[PDB]
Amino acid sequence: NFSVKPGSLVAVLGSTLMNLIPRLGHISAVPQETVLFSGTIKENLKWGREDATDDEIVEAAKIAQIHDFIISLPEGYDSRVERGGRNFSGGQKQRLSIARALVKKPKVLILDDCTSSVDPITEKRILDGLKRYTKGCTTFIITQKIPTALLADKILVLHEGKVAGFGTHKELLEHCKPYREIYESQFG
C-alpha cells in the first residue's frame, strides 16, 4: 500500500517530504539552486565522496546527461569551474549537481525541483537513466509538472500538507481530489 519498491522513481506533487521517507543517514538531496566552487569539474563532482573513481564520476555524469558536454571541453573533467559555476548555463549547473549527487551513491535521492533549467527531452533522458542504471537507489522527484509525474513509477500527492494520495495516475484519479485538480489544471 503505502510502501515503495526499492529502486523505483516516485514523483512528488503538492522539506515536508523528509518526514515520510523513513516511514516510507544516506539521503542525498539536490537543491533547486546549485553549489559549485572554484576548482575543476572533477573536484566538484567528487565533493562529499572522496573515494569516487574517475569512471564512477563518468558514469554519474552520463546518467545526468552532462558527460558529452564535459568531454567536449578542452580539459575535459579537469576543466575549470569558476566560483558559483558562473561559467556554465543554468541547465549545465543543474546537471552537474545531479551528477555530484549520483557520485555519492545514495540509497535515497531527492531531486528538489532541480530540473527547471533542463529541457524536457533531456529531463526524460535523465529520468530514464536513473531507472535503467541507478538501482540501489529510490528516487523522489519533487515536481510541478504532470508530464514529469507520469514518468515516475508512483506518484505521491501532498496537499495540506499531509499525504493526499499515493499510487499510479489511474489510482490517484480514483481517490485523490487534489490530484484530479492538478491534472485538470494542466489538461482539459
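All residue numbers are counted from 1 along the displayed sequence.
Q: According to the entry, are there none, 1 to 3, 4 to 9, or 10 or more residues of the deposited sequence without coordinates between residue 173 and residue 174?
A: Per the deposited record, the segment joining residue 173 and residue 174 has no missing residues.
Q: In this entry, is the chain continuous from residue 14 to residue 15, or are deposited residues missing in between (none, 1 to 3, 4 to 9, 10 or more)?
A: The entry has a gap there, with 4 to 9 residues left out between residue 14 and residue 15.
Q: Comparing 134-142 with 40-48, where is the mean C-alpha B-factor higher?
A: Taking the mean B-factor of the alpha carbons in each, 134-142 is higher.
Q: On mean Cα temperature factor in this entry, is 94-102 or 78-86 the higher one?
A: Per the PDB record, 78-86.
Q: Using the B-factor values recorded in the entry, state whether the Cα atom of residue 154 falls in the lowest, middle or highest third among the modelled residues of its chain.
A: It belongs to the middle third of the chain when residues are ordered by C-alpha B-factor.
Q: When the modelled residues of the chain are sorted by Cα temperature factor, does residue 28 land in the lowest, middle or highest third?
A: It falls in the top third of the chain.
Q: Thinking about Cα B factors across the chain, which third does residue 129 belong to?
A: Lowest third, going by the recorded CA B-factors of the chain.
Q: Tell me, lowest, middle or highest third: where does the Cα B factor of residue 72 rank within its chain?
A: Lowest third of the chain for residue 72's C-alpha B-factor.
Q: Could you look up the Cα B-factor of residue 121 in the entry and say which third of the chain it sits in: lowest, middle or highest?
A: Middle third of the chain for residue 121's C-alpha B-factor.
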